[PDB]
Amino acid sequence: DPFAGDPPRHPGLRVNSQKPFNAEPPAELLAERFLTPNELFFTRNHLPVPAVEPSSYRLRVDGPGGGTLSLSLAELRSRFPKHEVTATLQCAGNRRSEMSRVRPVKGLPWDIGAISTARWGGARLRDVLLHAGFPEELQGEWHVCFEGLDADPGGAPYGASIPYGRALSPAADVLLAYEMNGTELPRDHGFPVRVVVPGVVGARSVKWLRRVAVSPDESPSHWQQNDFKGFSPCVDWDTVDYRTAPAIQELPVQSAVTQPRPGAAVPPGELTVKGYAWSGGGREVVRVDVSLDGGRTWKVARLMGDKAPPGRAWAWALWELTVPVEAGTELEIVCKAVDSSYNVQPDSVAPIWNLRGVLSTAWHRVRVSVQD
């Protein structure tokens, strides 16, 4: 069994695939803490988890002229000043199951928890690339390609890329992380080194980093070219042309209700409704509207968190709103967020439906009853 050497996990997760392991935290715990504990942070593995001996590990970094820099773990820790960045990672497939309610799609059936937040510690990718000898600025459109140590039976590594400009920007905070919430990177989350690309879809944060290369083109890997793209609702498996749509990088504004859960019976008097909101590209969440009546009327929620600098809101905003609730009534609790560019979430899922089930950002709706 290629998966026999996989790490053990916390017993209470919502697992949607054992092999490869793909799991999200229970929704009742997801927004309990601003920083998701390591043991609960959602896990998305395409492949078996690599088993890495720390001391023999080398990160290969290809330089401008085609020479190869080779960095040990200890050298990554000591050569470059450690930077810490608190960033939310969200999988493209988050809330996919709601898309499937409209018309079935292919993909891991994620509920609202394919998103988590951690403080990440590591080398700035910018610094590593300058050390390899690259300039601030290359002419034209360049990309930094990443390969992980995990590979399919045919030998193709997990791979992704980001634009060179984002890799080199001080403000974009792209990390080669070896620390997660103050402890060393767990195996499931990329031990010993992962890329963390703040404000950008989870897919680009390559775990178990083996190689960093600079190229005139995007990553040639199947996951960069033939996956993680959004399409019209009209597109099906027979008509899909992956060249017609851009690789997802930044994600659009997103939110969900974590408390209370669908089907609940809640006591009369006061109900505290909680959830999360987040947007891609470092765009702050500026407002979260909450409705108890299926989105006819709304009240403004309270946003928690400490504000980040402009253009650098990498971390989700947790929200809450305490409302009065009348004995023996039905509620449809809906939330929607607004980011600093004043993007908004769409009303319904059908018009954003796509064959891959990605980019599921329509209002989250939770139906509950009030007890008597």
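Residue numbers run from 1 along the displayed sequence.
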Report the stretch with the higher mean CA temperature factor, choosing between 214-222 and 166-174 on the basis of the entry.
-> 214-222
Which wins on mean Cα temperature factor, 156-164 or 227-235?
-> 227-235
Top Cα B-factor in this entry, restricted to 351, 20, 12, 357, sits on 12
For the C-alpha B-factor as written in the entry, point me to the maximum among 192, 198, 182, 268.
-> 268
Entry-reported Cα temperature factor of residue 274, expressed as the chain third it lands in | middle
Sort the modelled residues of this chain by their C-alpha B factor and say whether residue 80 lands in the lowest, middle or highest third.
-> middle
Among modelled residues of the same chain, the CA temperature factor third for residue 331 = highest
How does residue 87 rank on Cα B-factor within its chain, lowest, middle or highest third?
-> lowest
Relative to the other modelled residues of the same chain, rank the CA B-factor of residue 291 and answer lowest, middle or highest third.
-> middle
